[PDB]
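Take a look at this one chain, the form deposited in one PDB entry, written out in structure tokens.
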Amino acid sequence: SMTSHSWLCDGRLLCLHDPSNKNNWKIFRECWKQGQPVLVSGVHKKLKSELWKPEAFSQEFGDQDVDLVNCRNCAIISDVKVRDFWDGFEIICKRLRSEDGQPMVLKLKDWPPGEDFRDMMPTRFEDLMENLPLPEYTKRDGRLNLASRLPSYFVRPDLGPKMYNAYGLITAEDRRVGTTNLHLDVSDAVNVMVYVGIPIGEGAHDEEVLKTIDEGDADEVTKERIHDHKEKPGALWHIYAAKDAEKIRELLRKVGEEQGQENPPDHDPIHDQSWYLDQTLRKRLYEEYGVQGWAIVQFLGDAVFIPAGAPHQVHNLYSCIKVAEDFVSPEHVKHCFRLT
């Protein structure tokens, strides 16, 4: 039967099933007030799927100049054409190669750049903004979005949305690297998976993806989405409560020191955006500091709600197109205040 919601992370994470149901706020606000993330499935079924294809992005925008990042070593690839990224999104034999001659796992940096999404892609902008879940929270003029209503004593989000485009991580060694490193934001955010690209050429990569999900501490209900429903998994997230941020900074200072980094005793390893918590570091955070996170697999059409002040990291299982919008809920506005 079709139901309003279910629970992931062994009862710790709300999953809403109908992205446009006007009754969702009744389910959402109790979990949100506690500082928990929330997942909403099914947003892909509301979108014009022809607007979100990698081939359309290459055809329409391919002559723009951009920078990429090699996810395996953090090296910047400067001043290339955006088609050089998009044409290798799913076809491995078209990817830019590293010195060792392997195809690179690449992230497209800051594209569209700054606040330019609305001006460069007005039809995409309309399609996404009109179909965001929890619209009183997430729409620029929503009654529970304080983004446009606050004085300069608060840090306001930029005008969005923002696009996040990167290849999938492939090997056993890649399991220890992030697409986006551990960091926190002072605004709330909703992040929608609009396209998952399962590649070809090295097409038969199905078992390292299951081992990544399993080692990432993903729940059994999450594994039933793949095996029973054949949903396409895009990315593995770890999210931590805002109240656990200082204990995470203590762990990463101790590890920085063990590894011969020479940081002052006050430095901020979360703001630095330089760490990915692999299986070893997550176990150590739990055993040594008592801190547990939410391990979330974001499938095609899933919208992840990230509370302000919550440390989070992202590991792409396949090639992903994500679009995220920032907002300021009254529940979490304290995290963007500039005093005390």
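Each residue number is its position in the shown sequence, starting from 1. What we label the rigid core is the largest C-alpha set whose atoms superpose within 1.5 Å from one form to the other.
- Remark: when the other structures in 9 other deposited structures of this protein are fitted onto this one via the rigid core, 225-233 deviates more than the alternative among 225-233 and 263-271, judged by RMS CA distance.
- The stretch with the higher mean CA B factor, choosing between 91-99 and 254-262, is 254-262.
- Averaged over CA atoms, B-factors in the entry run higher in 277-285 than in the other of 302-310 and 277-285.
- Of the candidates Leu144, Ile248, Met193, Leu210, the deposited coordinates give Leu210 the top C-alpha B factor.
- Comparing the C-alpha B-factors of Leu132, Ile270, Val105, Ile198 in the entry, the top value falls on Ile198.
- In the deposited entry, the Cα temperature factor of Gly114 sits in the top third of values across the chain's modelled residues.
- Among the modelled residues of its chain, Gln34 has a C-alpha B-factor that falls in the lowest third according to the deposited record.
- The PDB entry assigns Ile239 a C-alpha temperature factor belonging to the lowest third of its chain's modelled residues.
- When the CA B factors of the chain's modelled residues are split into thirds, the value for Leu182 lands in the lowest one.
- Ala166: CA B factor in the lowest third of modelled residues in this chain (values from the PDB entry).
The next section is about a form of this same protein that is not shown, the form deposited with a small molecule bound.
- Residues placing heavy atoms within 4.5 Å of the small molecule in the deposited complex fall in a single listed stretch, namely 229-237, out of 229-237, 257-265, 142-150, 82-90.
- Shown alone here, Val209 lies within 4.5 Å of the small molecule in the deposited complex, counting heavy atoms only.
- Although the partner is absent here, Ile198 sits close enough that one of its heavy atoms falls within 4.5 Å of the small molecule in the deposited complex.
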